[PDB]
Amino acid sequence: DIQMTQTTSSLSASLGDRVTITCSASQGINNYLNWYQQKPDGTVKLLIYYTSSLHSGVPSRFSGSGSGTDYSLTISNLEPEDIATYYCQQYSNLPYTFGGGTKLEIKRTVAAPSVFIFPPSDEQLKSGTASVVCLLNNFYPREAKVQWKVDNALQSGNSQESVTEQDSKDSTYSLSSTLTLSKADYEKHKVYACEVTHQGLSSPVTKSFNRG
Amino acid sequence: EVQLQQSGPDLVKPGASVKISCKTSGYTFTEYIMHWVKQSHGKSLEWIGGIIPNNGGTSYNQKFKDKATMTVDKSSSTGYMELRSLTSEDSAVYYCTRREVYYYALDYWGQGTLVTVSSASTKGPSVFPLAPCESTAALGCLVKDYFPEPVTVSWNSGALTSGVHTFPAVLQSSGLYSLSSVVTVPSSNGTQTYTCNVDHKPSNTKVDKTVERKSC
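Residues numbered from 1 in each chain as written, not as in the entry; some residues may be left out. Chains lettered and ligands numbered in written order. Heavy atoms only, no water. Residues with missing side-chain atoms left out of burial classes, pairs and counts.

(A) Geometry of empty space enclosed by the protein. Roughly 140 Å³ of volume is contained in the largest cavity. As for the largest cavity, its lining consists of 17 residues, of which A:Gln160, A:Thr178, B:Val170, B:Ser178 and B:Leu179 are closest to the centre. Only β13 (129–139), β16 (159–163) and β17 (173–182) of chain A together with β13 (136–146) and β17 (177–186) of chain B provide two or more residues apiece to the lining of the largest cavity. What the second largest cavity holds in volume is close to 30 Å³. Taken together, A:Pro119, A:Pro120, A:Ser121, A:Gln124, A:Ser131, B:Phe128, B:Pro129, B:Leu130 and B:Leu142 form the lining of the second largest cavity. (1 Å grid on protein atoms, 1.4 Å probe; cavity = no way out; pocket = protein on both sides within 12 Å on 5 of 7 lines; lining within 4 Å. Points joined across faces, edges and corners; volume = space filled by probe spheres on them. Helix = DSSP H or I, 4+ residues; strand = E, 2+ residues; numbered from the N terminus.)

(B) Region of the structure containing the nonpolar core. Residues and elements named next belong to chain A. In this structure, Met-4, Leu-33, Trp-35, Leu-73 and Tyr-86 are the most contacted members of the largest nonpolar core, which totals 24 residues. Looking at this core, the elements with two or more residues in it are β3 (19–25), β4 (33–38), β5 (44–49), β8 (70–75), β9 (85–90) and β11 (102–107). Those residues within four positions of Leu-33 in sequence are excluded, and the remaining contacts are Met-4, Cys-23, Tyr-49, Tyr-50, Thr-51, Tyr-71, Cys-88, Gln-89, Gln-90 and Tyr-91. (Core = buried A, V, L, I, M, F, W, Y, C linked by side-chain atoms within 4.5 Å. Buried < 20%, exposed > 50% of the residue type's maximum accessible area, 1.4 Å probe, protein only. Contact = heavy atoms within 4.5 Å.)

(C) Here's a closer look at unusual backbone geometry. Geometrically, the link from A:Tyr140 to A:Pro141 is a cis peptide bond, its omega value of 5 degrees lying close to zero. By secondary structure assignment, the location of A:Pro141 is in the loop between β13 and β14 (145–150). With an omega of -5 degrees, the peptide bond between B:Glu149 and B:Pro150 qualifies as cis. For B:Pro150, the position within the fold is in the loop between β13 and β14 (152–155). Unusually for a residue other than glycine, B:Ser77 sits at a positive phi of about 55 degrees.

(D) Just the domain arrangement of chain A, in detail. All names here are of chain A. What the domain assignment reports for chain A is domain 1 (4–107) and domain 2 (114–210). Relative to domain 2, the C-alpha centre of domain 1 lies at a distance of 37 Å. Across the contact, 10 residues belong to domain 1 and 8 residues belong to domain 2. Surface buried jointly by domain 1 and domain 2 totals about 690 Å² across both partners, of which 41% is contributed by carbon and sulfur atoms. Summed over the shared surface of domain 1 and domain 2, the number is 1 salt bridge. For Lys-103, the salt bridge identified is with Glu-165, shortest N-O distance 2.6 Å. For the interface between domain 1 and domain 2, the tally reads 7 residue pairs in polar contact. A breakdown of the residues in the side of domain 1 that touches domain 2 according to their chemical character gives 5 nonpolar, no polar and 5 charged. (Domains from an automatic or database assignment. Buried area = accessible area lost by both parts, 1.4 Å probe. Salt bridge = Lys/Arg side-chain N within 4 Å of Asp/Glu carboxyl O. Polar contact = N/O pair within 3.5 Å; in protein donor to acceptor, adjacent residues only side chain to side chain. Nonpolar A, V, L, I, M, F, W, Y, C, P; charged D, E, K, R; others polar.)

(E) Focus on the state of the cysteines. A full pass over the atoms with the stated rule returns 4 disulfides over all chains. The disulfide bridge from A:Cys134 ends at A:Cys194, spanning 2.0 Å between sulfur atoms. Here A:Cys134 and A:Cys194 share a disulfide; its torsion about the S-S bond, 75 degrees, makes the bridge right-handed. With A:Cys134 in strand β13 and A:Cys194 in strand β18 (residues 191–197), this residue pair connects regions lying 60 residues apart in the sequence. The two residues A:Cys134 and A:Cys194 agree in class, both being buried. The residue that forms a disulfide with B:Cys22 is B:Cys96, at a sulfur-sulfur distance of 2.1 Å. On the sign convention where negative means left-handed, the S-S torsion of about 65 degrees between B:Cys22 and B:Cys96 marks this disulfide as right-handed. (Disulfide = S-S within 2.5 Å.)

(F) Region of the structure containing the interface of chain B and chain A. Listed per partner, the contact involves 43 residues of chain B and 41 residues of chain A. When chain B packs against chain A, close to 3,500 Å² is buried across both sides, 66% of that on carbon and sulfur atoms. At the boundary of chain B and chain A, one finds 1 salt bridge. The shortest N-O distance in the salt bridge between A:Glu123 and B:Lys209 comes to 3.0 Å. On inspection of chain B and its partner chain A, the count reaches 12 residue pairs in polar contact. Class assignment for the residues of the side of chain B that touches chain A results in 26 nonpolar, 10 polar and 7 charged.

(G) Here's a closer look at the sheet that holds β18(A). Strand order in this open sheet of 4 strands is β15-β14-β18-β19 (chain A), and the pairing throughout is antiparallel. Edge positions in the sheet fall to β15 (153–154) and β19 (205–210) of chain A, since each has one partner strand and no second. (Pairing = 2+ DSSP bridges.)

(H) Inspection of the packing of aromatic side chains at higher detail. According to the stated counting rule, one finds 16 aromatic pairs over all chains in the structure shown. Both rings, one in A:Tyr36 and one in A:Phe98, keep their centres 6.1 Å apart while their planes meet at 50 degrees; by these two values the pair is tilted. Of this pair, A:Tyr36 sits in strand β4 while A:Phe98 sits in strand β10 (residues 97–98), and the two are 62 residues apart along the sequence. A centroid spacing of 6.2 Å and a plane angle of 40 degrees characterise the contact between A:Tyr91 and B:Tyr104, whose relative ring orientation is tilted. Of this pair, A:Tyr91 sits in the loop between β9 and β10 while B:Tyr104 sits in strand β10 (residues 104–109), each in a different chain. Residue B:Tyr104 is classed as partly exposed on the basis of its relative accessible area, which comes to 35%. Ring-pair connections join several aromatic residues into one group, and the members of that group are A:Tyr32, A:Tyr50, A:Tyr91, B:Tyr103 and B:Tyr104. Lying over the aromatic face of B:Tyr104, B:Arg99 brings its terminal NZ or CZ to 4.0 Å of the ring centre. (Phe/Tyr/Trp six-rings, centres within 6.5 Å; stacked < 30°, edge-to-face > 60°. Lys NZ or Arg CZ within 6 Å of the ring centre and 35° of its normal.)

Now the structure itself:
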């Protein structure tokens, strides 16, 4: 059963740069090696077949190389739409086997998030829970501190975060932080605030509202 | 244009079977082998097997010989794969693909079918507006307390795509999923309305939630 190893599973590169993703097989596979790109939405595209042959409709920035056990996919100059996980596949033996994947992180200029806060809807309150959402839009890099303050009391343990995949045009991230309280807790307090610290902000930005 | 349309997501019981479709268009079904690939959450691709449509002849990955059964149906131009005796290890996305010759490769891919193997029951999302109490405004939809994955969100029936971020779902301590979808618009372009369209196929739940701007 032939093993495909993509040792480096997380790779970062600047737009314009040359990028190389490597793949080695447990035994020789005589150039019977294909490359796929999986987009964040789960769509899979064939890029390269039989080591070197560019699939129809694939930019020439993509090339494949190697022989025996060792294969590489090269992107001559990185574009924003190249954000993906890349997989190698051997067809020398059955079963067809695949590498672990290489996720390509894209490096670009710093951008601060624009920040938005949203109170819970009455439609949620009526059934006993209050979700308070803080949005960080279109920033780079991914590292960001979101702190919740309720009437200026720093919060812990009562919020969850989620982050988009890097955008295919502007290579930025967006992040949501949801603060979850009981209706009863939400209503004992006046000011809800989220404070964002990020490299692109010369000092933290706070967005807040008052209940009632 | 070649096209591989797979059945929708699936909640299944431990021990249950399930049968997945891949209806093909834009090529002679009989002239091309079909393979099936599995992808666990945050995982690599495992090849399951192939099937020659000309005659129904099959190859299987040894690891899946007891699990999976491929078939075709030349009239509907539709391949199938049945998974038997399901467990957690079968929670995955399953892709149908077409093999081409140039030198074999998988040159077209289905959008994939998310299978979740679980005891717990379907629950439809609650959909709540995200509206504010600068040079851009934002609003959105909170899509709370659903099981299993996935949901699709569009805005204005697929006519609003730009400025849109649908966040990946977090599993809450309740064992129910939640996510938000958001839209940003430059303050100027007041003109339009904002409705998020949420579809949870596992619960046959469709919901259009209009987000009241309350400009006046």
